[PDB]
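The data below hold one chain only, encoded as structure tokens and taken in the form deposited in one PDB entry.
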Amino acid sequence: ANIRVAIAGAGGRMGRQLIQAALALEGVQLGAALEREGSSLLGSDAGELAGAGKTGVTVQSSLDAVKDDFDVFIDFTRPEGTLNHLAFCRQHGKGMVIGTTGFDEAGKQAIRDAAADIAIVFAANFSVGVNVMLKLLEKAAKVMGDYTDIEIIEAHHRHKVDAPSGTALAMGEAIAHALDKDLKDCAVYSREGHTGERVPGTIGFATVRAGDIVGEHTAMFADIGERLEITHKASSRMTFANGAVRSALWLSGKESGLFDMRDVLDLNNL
């Protein structure tokens, strides 16, 4: 490994995962692991925290302490925290992969500034698969969009509280925009009672909520005689981790900047 990461909030589920990714992903090294001061788990050799442990890395909780230890900060904690780690990384030119999510207009507008000073990367979804699908969608909608019926089906564990999934909507948008139309115009979220006929050109959504489903999404292009279905299935929350690590590694060669998975994955030339 020729580069060091910095899994913030190292002790949580995200962090843990993130640590695993750190190990596995060929080409990255675990330079650091942070955690809330005074948390009992301060001190354990990171690796140990997530399965296999040999790491010469001990979970600290001092930003400035580890200043030396990494090459790029991988932040997936709550906002404020994130905001702060950011000013640091900017002040020190450290580089970050912002998995964190939920900023206000001045948060995103904050991350904007930081950009010139340093190489940030910022995505709403660190899944390679997903980001890819999202692209493939444009392609399909392009060719078959016009004449086929488009439906989007998603399913998530019983606890999710927003319908449909934000990813579904993203899919909706991808398609909608590849067809010069706006999702607000042709979205159909419910089909109940005497509906009538599937209106030409509308996109429909079906939402399943059950069990521990991490996340299953299906894009459907239906014609008479054939249909194409593009589907993504997330088995563990690792998916995103793998995304961020790859993302992180990607940054290995830049000074300033603001990106997302398209850039990383190199998808506009796809």
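Counting begins at 1, following the sequence as shown. Between two forms, the rigid core is the largest collection of C-alphas that superpose within 1.5 Å.
Only in words, not in the display: the form solved in complex with a small molecule, which the text now covers.
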item: Single option in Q91, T101, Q109, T195 placed near the small molecule in the deposited complex, where near means a heavy atom within 4.5 Å; value: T101
item: Listed range touching the small molecule, judged in the deposited complex by heavy atoms within 4.5 Å, from 109 to 117, 178 to 186, 123 to 131, 144 to 152; value: 123 to 131
item: Contact test, all of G27, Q29 and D71, partner the small molecule in the deposited complex, heavy atom 4.5 Å; value: no
item: Distance check, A21 to the small molecule in the deposited complex, heavy atom within 4.5 Å; value: no
item: Distance check, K139 to the small molecule in the deposited complex, heavy atom within 4.5 Å; value: no
item: Any non-hydrogen atom of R36 within 4.5 angstroms of the small molecule in the deposited complex; value: yes
item: In the deposited complex, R13 touching the small molecule (heavy atom, 4.5 Å); value: yes
item: Listed options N242, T218, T207, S44; Cα moving by 2 angstroms or more between this form and the one not shown (core superposition); value: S44
